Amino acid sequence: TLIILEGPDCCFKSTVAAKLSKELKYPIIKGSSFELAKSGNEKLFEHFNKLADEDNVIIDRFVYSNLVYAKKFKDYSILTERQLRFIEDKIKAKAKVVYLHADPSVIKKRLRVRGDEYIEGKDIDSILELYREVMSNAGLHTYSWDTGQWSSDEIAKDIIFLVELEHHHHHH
């Protein structure tokens, strides 16, 4: 199974990743490539394509993340709808898209707790509004957990159970 993790900062994405790795015994890879997302759309698509072949691993931020942070940074490539559906097709059978989020208020609170200085104050709202926009236009099925209601542990357990239950799952 190719577990994909998406969502904004301060949602324990890295923690949940660690737990899933230790448990499911899957390596961890960071999809998002600020460097490559600048160079060009081609080398960017190639990149995500290489990852689309891997399996039995966890990807911390994939195409969906790029389809979000691209609408924020200058000189930042984005995948075309055709390129997306292409990648989703190659992973449709081995993919578990995970979206970890939290309320805007909660995220700013965690951000303040961490000590940010550039902390906009509303840009988060947009990021969140943007994420659920991208997830809504996904070709694959998506799973989301509110990191404000469930702990990093309870979440990893849910996913762990699904993954091990895939043997009975037929993607059609």
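From 1 onward, residues are counted along the sequence shown.
Taking only CA atoms, the mean B-factor in the PDB entry is higher for 73-81 than for the other of 97-105 and 73-81. With 29-37 and 107-115 compared on mean CA B-factor from the PDB entry, the stretch scoring higher is 29-37. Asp53: CA B factor in the middle third of modelled residues in this chain (values from the PDB entry). Sorting the modelled residues of the chain by their CA temperature factor places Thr147 in the lowest third. Per-chain ranking of the deposited C-alpha B factor places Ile59 in the lowest third.
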